[PDB]
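Shown next: data.cif, containing mmCIF, C-alpha atoms and all ligand atoms.
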```
data_work
#
loop_
_atom_site.label_atom_id
_atom_site.label_comp_id
_atom_site.auth_asym_id
_atom_site.auth_seq_id
_atom_site.Cartn_x
_atom_site.Cartn_y
_atom_site.Cartn_z
CA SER A 1 10.59 25.39 5.32
CA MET A 2 9.95 21.90 6.68
CA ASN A 3 12.14 19.00 5.62
CA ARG A 4 10.62 15.63 4.70
CA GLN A 5 11.31 14.08 8.12
CA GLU A 6 9.50 16.84 9.99
CA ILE A 7 6.50 16.57 7.67
CA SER A 8 6.43 12.81 8.19
CA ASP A 9 6.79 13.20 11.97
CA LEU A 10 3.92 15.70 12.16
CA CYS A 11 1.60 13.70 9.89
CA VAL A 12 2.39 10.46 11.89
CA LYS A 13 1.81 12.19 15.26
CA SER A 14 -1.55 13.56 14.00
CA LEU A 15 -2.74 9.99 13.36
CA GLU A 16 -1.86 8.42 16.74
CA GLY A 17 -5.53 8.78 17.78
CA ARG A 18 -6.75 7.27 14.52
CA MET A 19 -4.67 4.07 14.39
CA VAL A 20 -5.53 1.13 12.12
CA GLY A 21 -6.39 -2.19 13.76
CA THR A 22 -8.96 -4.86 14.38
CA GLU A 23 -10.67 -3.73 17.60
CA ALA A 24 -13.97 -1.82 17.67
CA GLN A 25 -12.21 1.51 18.16
CA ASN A 26 -9.94 0.95 15.16
CA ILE A 27 -12.91 0.05 12.98
CA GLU A 28 -14.58 3.24 14.19
CA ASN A 29 -11.48 5.26 13.26
CA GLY A 30 -12.06 4.26 9.62
CA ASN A 31 -15.85 4.21 9.50
CA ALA A 32 -16.05 7.70 10.98
CA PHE A 33 -14.01 9.04 8.04
CA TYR A 34 -16.76 7.99 5.66
CA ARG A 35 -19.50 9.34 7.93
CA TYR A 36 -17.69 12.69 7.87
CA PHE A 37 -17.01 12.47 4.13
CA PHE A 38 -20.59 11.56 3.17
CA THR A 39 -22.09 14.17 5.51
CA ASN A 40 -19.88 17.07 4.44
CA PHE A 41 -19.15 16.19 0.79
CA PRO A 42 -22.40 14.58 -0.36
CA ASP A 43 -21.69 15.44 -4.00
CA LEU A 44 -18.80 12.94 -3.94
CA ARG A 45 -20.99 9.97 -2.94
CA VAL A 46 -21.59 9.47 -6.68
CA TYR A 47 -18.29 7.63 -6.94
CA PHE A 48 -19.36 4.95 -4.45
CA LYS A 49 -21.55 2.58 -6.42
CA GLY A 50 -24.71 1.64 -4.49
CA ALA A 51 -23.98 4.17 -1.79
CA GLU A 52 -24.86 7.32 -3.71
CA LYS A 53 -27.68 8.17 -1.29
CA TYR A 54 -26.08 6.92 1.93
CA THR A 55 -26.46 8.93 5.10
CA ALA A 56 -24.01 8.87 8.00
CA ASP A 57 -26.19 6.24 9.75
CA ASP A 58 -26.20 4.10 6.59
CA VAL A 59 -22.40 4.32 6.58
CA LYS A 60 -22.16 3.58 10.32
CA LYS A 61 -24.06 0.32 9.93
CA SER A 62 -22.32 -0.75 6.72
CA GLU A 63 -19.68 -3.53 6.76
CA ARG A 64 -18.64 -2.18 3.35
CA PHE A 65 -17.60 1.11 5.00
CA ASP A 66 -16.01 -0.57 8.01
CA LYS A 67 -13.73 -2.37 5.54
CA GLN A 68 -13.24 0.58 3.20
CA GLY A 69 -12.65 2.84 6.19
CA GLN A 70 -9.66 0.64 7.14
CA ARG A 71 -8.32 0.77 3.58
CA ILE A 72 -8.32 4.59 3.27
CA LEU A 73 -7.09 5.00 6.84
CA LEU A 74 -4.25 2.55 6.11
CA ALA A 75 -3.41 4.47 2.95
CA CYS A 76 -3.08 7.71 4.83
CA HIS A 77 -0.93 6.07 7.46
CA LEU A 78 1.29 4.74 4.66
CA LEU A 79 1.60 8.20 3.10
CA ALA A 80 2.56 9.67 6.49
CA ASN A 81 5.01 6.90 7.36
CA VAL A 82 6.86 6.76 4.03
CA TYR A 83 6.91 10.47 3.19
CA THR A 84 10.61 10.79 4.08
CA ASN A 85 11.43 8.38 1.29
CA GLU A 86 10.46 10.49 -1.69
CA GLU A 87 10.75 7.81 -4.37
CA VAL A 88 8.72 5.29 -2.38
CA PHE A 89 6.15 8.00 -1.63
CA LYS A 90 5.86 8.87 -5.32
CA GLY A 91 5.58 5.15 -6.22
CA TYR A 92 2.66 4.83 -3.82
CA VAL A 93 0.99 7.94 -5.27
CA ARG A 94 1.20 6.50 -8.78
CA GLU A 95 -0.15 3.14 -7.63
CA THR A 96 -3.09 4.90 -5.89
CA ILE A 97 -3.88 6.80 -9.09
CA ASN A 98 -3.70 3.56 -11.09
CA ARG A 99 -6.13 1.86 -8.74
CA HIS A 100 -8.62 4.72 -9.07
CA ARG A 101 -8.72 4.74 -12.90
CA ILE A 102 -12.00 2.75 -12.78
CA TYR A 103 -13.88 5.54 -10.92
CA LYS A 104 -13.26 8.18 -13.63
CA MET A 105 -12.75 10.88 -11.00
CA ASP A 106 -12.39 14.54 -11.74
CA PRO A 107 -8.62 14.94 -11.42
CA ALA A 108 -8.97 18.14 -9.38
CA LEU A 109 -10.19 15.85 -6.54
CA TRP A 110 -6.70 14.58 -5.76
CA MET A 111 -5.84 17.88 -4.08
CA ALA A 112 -9.35 18.24 -2.59
CA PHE A 113 -8.97 14.93 -0.76
CA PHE A 114 -6.54 16.55 1.66
CA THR A 115 -9.16 19.09 2.70
CA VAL A 116 -11.59 16.26 3.42
CA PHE A 117 -8.96 14.39 5.42
CA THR A 118 -7.65 17.32 7.49
CA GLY A 119 -11.30 18.34 8.06
CA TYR A 120 -11.97 14.85 9.33
CA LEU A 121 -8.98 15.03 11.70
CA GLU A 122 -10.66 18.18 12.92
CA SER A 123 -13.37 15.49 12.93
CA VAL A 124 -12.26 14.05 16.21
CA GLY A 125 -9.66 16.22 17.82
CA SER A 126 -6.77 18.59 17.90
CA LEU A 127 -4.95 19.15 14.70
CA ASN A 128 -2.47 21.90 15.44
CA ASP A 129 -1.26 24.47 12.92
CA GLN A 130 1.98 22.61 12.20
CA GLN A 131 0.20 19.28 11.65
CA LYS A 132 -2.41 20.72 9.28
CA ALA A 133 0.41 22.47 7.39
CA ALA A 134 2.31 19.17 7.19
CA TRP A 135 -0.75 17.43 5.68
CA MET A 136 -1.16 20.25 3.18
CA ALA A 137 2.53 20.01 2.22
CA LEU A 138 2.23 16.26 1.80
CA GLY A 139 -1.01 16.76 -0.15
CA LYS A 140 0.65 19.25 -2.47
CA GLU A 141 3.34 16.67 -3.31
CA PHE A 142 0.74 13.91 -3.66
CA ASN A 143 -1.19 16.07 -6.12
CA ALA A 144 1.91 17.14 -8.07
CA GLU A 145 2.85 13.47 -8.67
CA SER A 146 -0.78 12.56 -9.41
CA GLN A 147 -1.13 15.13 -12.21
CA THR A 148 2.29 14.26 -13.67
CA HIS A 149 1.36 10.59 -13.64
CA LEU A 150 -2.07 11.21 -15.17
CA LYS A 151 -0.54 13.23 -17.99
CA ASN A 152 2.11 10.54 -18.53
CA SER A 153 -0.65 7.90 -18.58
CA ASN A 154 -2.74 9.69 -21.23
CA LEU A 155 -5.51 10.33 -18.71
CA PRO A 156 -7.47 13.44 -17.83
CA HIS A 157 -5.55 15.78 -15.54
CA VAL A 158 -5.23 19.24 -14.08
CA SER B 1 18.34 -8.69 19.32
CA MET B 2 17.53 -6.04 16.72
CA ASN B 3 14.96 -3.36 17.47
CA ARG B 4 12.35 -2.37 14.87
CA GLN B 5 14.29 0.70 13.70
CA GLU B 6 17.44 -1.29 12.95
CA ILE B 7 15.45 -3.89 11.03
CA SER B 8 13.77 -1.15 9.02
CA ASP B 9 17.11 0.61 8.39
CA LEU B 10 18.75 -2.61 7.16
CA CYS B 11 15.81 -3.64 4.95
CA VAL B 12 15.64 -0.05 3.47
CA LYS B 13 19.41 0.06 2.82
CA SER B 14 19.23 -3.35 1.07
CA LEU B 15 16.73 -1.92 -1.44
CA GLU B 16 18.62 1.26 -2.46
CA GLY B 17 19.79 -0.55 -5.62
CA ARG B 18 16.29 -1.77 -6.39
CA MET B 19 14.32 1.51 -6.17
CA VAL B 20 10.82 1.92 -7.61
CA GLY B 21 10.34 4.47 -10.39
CA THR B 22 9.43 5.13 -13.98
CA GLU B 23 12.77 4.95 -15.80
CA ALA B 24 14.00 1.84 -17.65
CA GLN B 25 16.22 0.81 -14.74
CA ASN B 26 13.37 1.02 -12.25
CA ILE B 27 11.14 -1.07 -14.49
CA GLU B 28 13.98 -3.59 -14.70
CA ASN B 29 14.25 -3.66 -10.90
CA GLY B 30 10.70 -5.04 -10.78
CA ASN B 31 10.68 -7.20 -13.91
CA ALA B 32 13.87 -8.96 -12.84
CA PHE B 33 12.13 -10.13 -9.65
CA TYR B 34 9.65 -12.10 -11.73
CA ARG B 35 12.36 -13.46 -14.02
CA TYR B 36 14.14 -14.74 -10.89
CA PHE B 37 10.90 -16.00 -9.34
CA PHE B 38 9.70 -17.85 -12.45
CA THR B 39 13.14 -19.34 -13.14
CA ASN B 40 13.81 -20.57 -9.61
CA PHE B 41 10.28 -21.31 -8.34
CA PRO B 42 8.52 -22.59 -11.46
CA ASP B 43 5.97 -24.52 -9.39
CA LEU B 44 4.54 -21.18 -8.21
CA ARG B 45 3.76 -19.92 -11.74
CA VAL B 46 0.41 -21.71 -11.37
CA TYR B 47 -0.94 -18.73 -9.44
CA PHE B 48 -0.35 -16.33 -12.34
CA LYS B 49 -3.25 -16.89 -14.71
CA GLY B 50 -2.09 -17.11 -18.33
CA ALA B 51 1.55 -17.12 -17.32
CA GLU B 52 1.75 -20.66 -15.98
CA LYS B 53 4.31 -21.66 -18.62
CA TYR B 54 6.23 -18.38 -18.84
CA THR B 55 9.99 -18.44 -19.13
CA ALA B 56 12.28 -15.64 -17.99
CA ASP B 57 12.32 -14.25 -21.56
CA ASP B 58 8.51 -14.32 -21.66
CA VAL B 59 8.51 -12.34 -18.41
CA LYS B 60 11.18 -9.92 -19.67
CA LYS B 61 9.08 -8.96 -22.68
CA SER B 62 5.78 -8.80 -20.81
CA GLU B 63 4.17 -5.42 -19.97
CA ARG B 64 2.09 -7.38 -17.46
CA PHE B 65 5.26 -8.23 -15.51
CA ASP B 66 6.76 -4.76 -15.88
CA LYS B 67 3.65 -3.45 -14.13
CA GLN B 68 3.35 -6.29 -11.62
CA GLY B 69 7.08 -6.06 -10.93
CA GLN B 70 6.54 -2.44 -9.80
CA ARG B 71 3.63 -3.48 -7.57
CA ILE B 72 5.52 -6.21 -5.66
CA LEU B 73 8.67 -4.09 -5.50
CA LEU B 74 6.61 -1.19 -4.11
CA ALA B 75 5.04 -3.53 -1.56
CA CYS B 76 8.40 -4.63 -0.29
CA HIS B 77 9.60 -1.06 -0.07
CA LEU B 78 6.48 -0.25 1.96
CA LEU B 79 7.12 -3.17 4.33
CA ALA B 80 10.72 -2.00 4.82
CA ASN B 81 9.82 1.66 5.26
CA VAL B 82 6.93 1.20 7.71
CA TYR B 83 8.31 -1.68 9.78
CA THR B 84 9.13 0.60 12.73
CA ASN B 85 5.44 1.36 13.09
CA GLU B 86 4.18 -2.04 14.16
CA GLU B 87 0.46 -1.34 13.91
CA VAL B 88 0.75 0.18 10.45
CA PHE B 89 2.96 -2.74 9.40
CA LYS B 90 0.40 -5.25 10.66
CA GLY B 91 -2.41 -3.33 8.91
CA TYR B 92 -0.53 -3.60 5.64
CA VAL B 93 0.06 -7.33 6.17
CA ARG B 94 -3.65 -7.92 6.68
CA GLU B 95 -4.55 -5.86 3.63
CA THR B 96 -2.03 -7.86 1.52
CA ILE B 97 -3.60 -11.11 2.72
CA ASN B 98 -7.08 -9.78 1.91
CA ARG B 99 -6.02 -8.87 -1.60
CA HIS B 100 -4.61 -12.36 -2.20
CA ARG B 101 -7.77 -14.26 -1.14
CA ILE B 102 -8.68 -14.69 -4.84
CA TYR B 103 -5.53 -16.74 -5.62
CA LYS B 104 -6.31 -19.48 -3.04
CA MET B 105 -2.63 -19.76 -2.10
CA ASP B 106 -1.21 -22.39 0.16
CA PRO B 107 -0.83 -20.39 3.38
CA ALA B 108 2.67 -21.78 4.01
CA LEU B 109 3.77 -19.56 1.08
CA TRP B 110 3.60 -16.37 3.13
CA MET B 111 6.82 -17.32 4.92
CA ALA B 112 8.35 -18.81 1.74
CA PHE B 113 8.00 -15.49 -0.06
CA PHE B 114 10.85 -14.07 2.00
CA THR B 115 13.20 -16.75 0.74
CA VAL B 116 12.28 -15.86 -2.83
CA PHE B 117 12.82 -12.17 -2.14
CA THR B 118 16.13 -12.42 -0.27
CA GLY B 119 17.28 -14.88 -2.97
CA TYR B 120 16.39 -12.29 -5.56
CA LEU B 121 18.37 -9.61 -3.71
CA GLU B 122 21.19 -12.09 -3.95
CA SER B 123 19.77 -11.80 -7.48
CA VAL B 124 21.65 -8.63 -8.22
CA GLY B 125 24.12 -7.87 -5.50
CA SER B 126 25.43 -7.82 -2.00
CA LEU B 127 23.05 -8.70 0.71
CA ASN B 128 25.13 -8.82 3.86
CA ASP B 129 24.44 -11.08 6.83
CA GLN B 130 22.72 -8.35 8.84
CA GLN B 131 20.44 -7.36 5.93
CA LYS B 132 19.37 -10.93 5.16
CA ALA B 133 18.70 -11.44 8.89
CA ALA B 134 16.63 -8.23 8.95
CA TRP B 135 14.50 -9.50 6.03
CA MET B 136 14.02 -12.83 7.77
CA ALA B 137 12.99 -11.05 11.00
CA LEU B 138 10.54 -8.88 9.08
CA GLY B 139 9.30 -11.97 7.22
CA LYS B 140 8.74 -13.83 10.46
CA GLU B 141 6.51 -10.98 11.70
CA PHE B 142 4.75 -10.74 8.34
CA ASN B 143 3.98 -14.45 8.50
CA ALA B 144 2.88 -14.37 12.15
CA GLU B 145 0.30 -11.65 11.35
CA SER B 146 -0.72 -13.43 8.13
CA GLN B 147 -1.59 -16.69 9.90
CA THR B 148 -3.38 -14.89 12.74
CA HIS B 149 -5.38 -12.91 10.21
CA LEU B 150 -6.20 -15.98 8.12
CA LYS B 151 -7.45 -17.85 11.18
CA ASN B 152 -9.48 -14.80 12.25
CA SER B 153 -10.92 -14.59 8.72
CA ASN B 154 -12.05 -18.23 8.63
CA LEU B 155 -9.53 -19.01 5.90
CA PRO B 156 -7.00 -21.80 5.50
CA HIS B 157 -3.85 -21.20 7.53
CA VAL B 158 -0.71 -22.67 9.02
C1 LIG A 201 -11.77 12.68 -3.17
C2 LIG A 201 -10.88 11.81 -3.65
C3 LIG A 201 -11.15 10.29 -3.72
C4 LIG A 201 -12.28 9.66 -4.10
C5 LIG A 201 -13.60 10.30 -4.60
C6 LIG A 201 -12.05 8.24 -3.99
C7 LIG A 201 -12.95 7.25 -4.32
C8 LIG A 201 -12.82 5.91 -4.05
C9 LIG A 201 -13.81 4.90 -4.28
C10 LIG A 201 -15.21 5.18 -4.88
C11 LIG A 201 -13.34 3.71 -3.85
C12 LIG A 201 -14.07 2.35 -3.85
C13 LIG A 201 -14.80 2.22 -2.50
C14 LIG A 201 -16.14 1.51 -2.54
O1 LIG A 201 -16.82 1.44 -3.61
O2 LIG A 201 -16.55 1.00 -1.46
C15 LIG A 201 -11.99 3.96 -3.35
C16 LIG A 201 -11.15 3.01 -2.85
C17 LIG A 201 -9.93 3.24 -2.28
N1 LIG A 201 -9.28 4.46 -2.18
FE1 LIG A 201 -10.02 6.23 -2.86
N2 LIG A 201 -10.77 8.03 -3.52
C18 LIG A 201 -10.17 9.26 -3.34
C19 LIG A 201 -8.89 9.48 -2.90
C20 LIG A 201 -8.05 8.53 -2.36
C21 LIG A 201 -6.70 8.76 -1.85
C22 LIG A 201 -6.00 10.13 -1.84
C23 LIG A 201 -6.21 7.58 -1.41
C24 LIG A 201 -4.84 7.27 -0.78
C25 LIG A 201 -4.34 8.04 0.19
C26 LIG A 201 -7.24 6.59 -1.63
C27 LIG A 201 -7.12 5.27 -1.29
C28 LIG A 201 -8.04 4.29 -1.54
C29 LIG A 201 -7.85 2.91 -1.19
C30 LIG A 201 -6.65 2.28 -0.48
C31 LIG A 201 -9.09 2.21 -1.70
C32 LIG A 201 -9.39 0.72 -1.58
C33 LIG A 201 -9.18 0.05 -2.94
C34 LIG A 201 -7.74 0.16 -3.38
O3 LIG A 201 -6.83 -0.41 -2.70
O4 LIG A 201 -7.48 0.85 -4.40
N3 LIG A 201 -8.35 7.20 -2.20
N4 LIG A 201 -11.70 5.30 -3.48
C1 LIG A 202 4.83 -16.69 -2.75
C2 LIG A 202 3.91 -15.83 -2.29
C3 LIG A 202 3.01 -14.98 -3.21
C4 LIG A 202 2.38 -15.38 -4.33
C5 LIG A 202 2.37 -16.79 -4.97
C6 LIG A 202 1.66 -14.23 -4.86
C7 LIG A 202 0.86 -14.23 -5.98
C8 LIG A 202 0.33 -13.12 -6.59
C9 LIG A 202 -0.40 -13.10 -7.83
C10 LIG A 202 -0.70 -14.36 -8.67
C11 LIG A 202 -0.72 -11.83 -8.12
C12 LIG A 202 -1.47 -11.32 -9.38
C13 LIG A 202 -0.40 -11.00 -10.44
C14 LIG A 202 -0.79 -11.28 -11.88
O1 LIG A 202 -1.69 -12.13 -12.17
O2 LIG A 202 -0.17 -10.66 -12.79
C15 LIG A 202 -0.21 -11.00 -7.04
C16 LIG A 202 -0.35 -9.65 -6.94
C17 LIG A 202 0.22 -8.84 -5.99
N1 LIG A 202 0.96 -9.26 -4.90
FE1 LIG A 202 1.41 -11.20 -4.46
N2 LIG A 202 1.90 -13.15 -4.04
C18 LIG A 202 2.72 -13.56 -3.01
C19 LIG A 202 3.17 -12.78 -1.97
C20 LIG A 202 3.07 -11.41 -1.89
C21 LIG A 202 3.58 -10.56 -0.82
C22 LIG A 202 4.33 -11.09 0.42
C23 LIG A 202 3.26 -9.29 -1.10
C24 LIG A 202 3.57 -8.01 -0.30
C25 LIG A 202 4.79 -7.78 0.19
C26 LIG A 202 2.55 -9.29 -2.36
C27 LIG A 202 2.09 -8.17 -2.99
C28 LIG A 202 1.37 -8.15 -4.15
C29 LIG A 202 0.87 -6.94 -4.76
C30 LIG A 202 1.07 -5.50 -4.27
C31 LIG A 202 0.09 -7.40 -5.96
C32 LIG A 202 -0.64 -6.51 -6.96
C33 LIG A 202 -2.14 -6.59 -6.70
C34 LIG A 202 -2.48 -6.06 -5.33
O3 LIG A 202 -2.27 -4.85 -5.05
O4 LIG A 202 -2.95 -6.87 -4.49
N3 LIG A 202 2.45 -10.60 -2.82
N4 LIG A 202 0.43 -11.81 -6.12
#
```

Can the structure in the file be given as structure tokens, please?
Amino acid sequence: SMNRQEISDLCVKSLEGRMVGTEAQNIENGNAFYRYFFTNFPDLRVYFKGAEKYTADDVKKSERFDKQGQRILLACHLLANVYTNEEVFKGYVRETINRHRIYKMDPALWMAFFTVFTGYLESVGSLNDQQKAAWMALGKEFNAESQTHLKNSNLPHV
Amino acid sequence: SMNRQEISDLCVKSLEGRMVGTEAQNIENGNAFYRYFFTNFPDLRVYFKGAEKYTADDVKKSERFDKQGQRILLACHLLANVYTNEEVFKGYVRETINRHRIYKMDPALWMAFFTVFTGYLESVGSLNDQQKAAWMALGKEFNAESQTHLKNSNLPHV
């Protein structure tokens, strides 16, 4: 239904209120993702060494999560902004998977991430039907390349 | 003179013949960057631990440089494809600088990189005047954010 440009446009528009940067608000845009993630998906804290028992307040006051918040937020901005360019998008997916090899994640989490992230964006404001659908379309492609890459890399996959 | 979109368009067009991917040609697109880099800038090999004395043939036959070739090539595709979005672009610059802290690079190299890279693109084909100018404009902005970020981070800078 939607072409790549429209998906990119919708995903980019949905992030205008969650922009990366160096000011207090930008740091909050990233930190709040982890507060949402740790509150609503506490079973996934296990992957974050030393932070397995962190509460939202622990995350709020953690420089580790200020910095990591910016990294994941940046990653999602990159996905949104390069989606139109399918080969670059797929390159970035593979590189993300490579960089997560160390965490030994259940590979079914690659799709689940997009539920966390859209839920977060409902964790601060309006995410209209089209924008959520765009993220789920992007997520579907992210996951398809992730599982292909995992299989090609002799790693566990779904 | 050029707006951000035109710079992005020119930088993206210049990379169509150097696309990331998983086929032999795509791996070559990345490996060849390091063969060019190591041949023409041998004084910079010092940063690559274990590869300080590598020749082009050593790079050609190195899985390390096949993989690293894809990483730098991907990075330059990301710069080109997100340039229009200034805040995302600057976020990616800062993250690149952060990830290079370990190498203790002379900070004047951030600008120099763009000479290596445009020289490489003259290392396989036509880079017209507009496209080279676009890379130098992008490089100027990359460097400006790099030095600002280094200074803000209490790190050596120019
Ligand atoms: C539910 C799925 C995921 C889990 C459980 C997960 C887990 C992790 C963990 C544990 C870290 C290290 C953070 C720390 O210890 O402070 C990390 C880093 C990171 N993750 Fe994820 N991750 C997931 C999905 C993703 C996705 C989909 C992306 C890209 C859109 C991503 C991008 C990053 C980035 C950019 C970093 C910083 C280190 C790096 O550059 O690789 N993650 N992740
Ligand atoms: C002349 C300037 C630069 C030097 C000397 C340099 C040096 C290095 C070195 C030594 C490594 C580790 C590779 C290995 O040991 O196999 C590396 C990794 C990497 N570099 Fe650079 N670098 C430079 C500029 C850049 C720029 C401008 C970018 C982005 C456009 C970049 C992106 C990357 C990426 C993506 C990696 C892979 C690791 C990571 O994700 O951080 N580099 N670089």

Env. residues ligand LIG 201 (chain A) / 6 Å / all atoms listed in the file / as a PyMOL selection string: chain A and resi 44+47-49+68+71-72+75-76+96+99+109-110+113

Within-12 Å shell of (11.2, 3.8, -15.4) in input frame, only C-alpha atoms, as a ChimeraX atom specification: /A:87,91,152 /B:18-31,66-67,69-70

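Nearest residue to ligand LIG 202 (chain A) among A:135, A:54, A:92, A:120 is A:92, counting only C-alpha atoms and all ligand atoms.
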
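Between chain B and the candidates A:73, A:10, A:56, A:82, the tightest atom-to-atom separation, counting only C-alpha atoms, involves A:82.
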
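When only C-alpha atoms are used to measure the gap to chain B, the shortest distance among A:55, A:84, A:143, A:62 belongs to A:84.
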
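Among the candidates B:119, B:50, B:125, B:156, the residue lying nearest to ligand LIG 202 (chain A) is B:50 (atoms considered: all atoms listed in the file).
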
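Distance check against ligand LIG 202 (chain A) using all atoms listed in the file: of A:13, A:90, A:81, A:98, the minimum falls on A:98.
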
Interatomic distance (Å, one decimal) between atom CA of residue B:144 and atom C11 of ligand LIG 202 (chain A): 20.7 Å

Shell around residue A:9 at 12 Å using only C-alpha atoms, local window under 3 positions removed, as a ChimeraX atom specification: /A:2-6,12-16,77,79-84,130-131,134-135,138 /B:85

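Interatomic distance, atom CA of residue B:59 against atom CA of residue B:36: 9.7 Å.
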
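The two atoms in question, atom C26 of ligand LIG 202 (chain A) and atom CA of residue B:17, are spaced 19.6 Å apart.
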
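Minimum distance to ligand LIG 202 (chain A) across A:148, A:95, A:11, A:104 (counting only C-alpha atoms and all ligand atoms) occurs at A:95.
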
Close residues, residue B:97 itself excluded, 8 Å, all atoms listed in the file, min 2 positions apart in chain, as a PyMOL selection string: chain B and resi 93-95+99-101+146+149-150
